[PDB]
Amino acid sequence: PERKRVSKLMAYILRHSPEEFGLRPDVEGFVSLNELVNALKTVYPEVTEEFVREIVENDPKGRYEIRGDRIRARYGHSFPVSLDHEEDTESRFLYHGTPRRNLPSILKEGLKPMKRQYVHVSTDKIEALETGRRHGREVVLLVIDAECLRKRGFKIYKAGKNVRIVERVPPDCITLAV
């Protein structure tokens, strides 16, 4: 087994497309180390967990980080990740763009995590509207009360500049669907 090719595959998996290997990353970007070893074995069978730990320890640019049984990339992500687990308290309203077909379903049951464990929202209207415009047309803007989410037991985390991620958005926190 060669280290460099496995390291490039690790970077590709943990940075850009982890969903392609059946890997649901958390809010910080970590995945199960055993699950990552299982995913890496599907391409390089000669890969073990000790080899992955060696790659993480001897990486010259510090691309990887391991906490207990979880492993993540430290930078270069193509999808929103909340490094440092930095939480957002100074926000009173968040925004989310969604197609009109899902409008009654959302208004009835709120935003659900579905594929990933979390849900992406934005502190900006333009960003939410364009993100929803990528998932089809007839896009409406859901305004979300942030203090509702916090008082209902959901902490808002900073993933990008104007990107936030929560676990769920109950229908009670959706204040308006323009």
# chains A, B, ... in the order shown; residues from 1 in each chain; ligands from 1
$ select_by_dssp --residues "stretch 51-176 of chain A" --states "alpha helix (DSSP H)" --output "number ranges by chain"
A: 51-57, 103-109, 125-133, 146-151
$ residues_around --residues "stretch 129-135 of chain A" --least-positions-apart "5" --cutoff "12 Å" --atoms "only C-alpha atoms" --output "ChimeraX atom specification"
/A:94-103,120-124,140-143,163,178
$ closest_residue --among "A:177, A:14, A:171, A:43" --to "residue A:108" --atoms "only C-alpha atoms"
A:171
$ atom_distance --atom1 "atom CA of residue A:160" --atom2 "atom CA of residue A:92"
17.3 Å
$ closest_residue --among "A:15, A:155, A:3, A:137" --to "residue A:88" --atoms "only C-alpha atoms"
A:155
$ closest_residue --among "A:173, A:23, A:81, A:73" --to "residue A:151" --atoms "only C-alpha atoms"
A:173
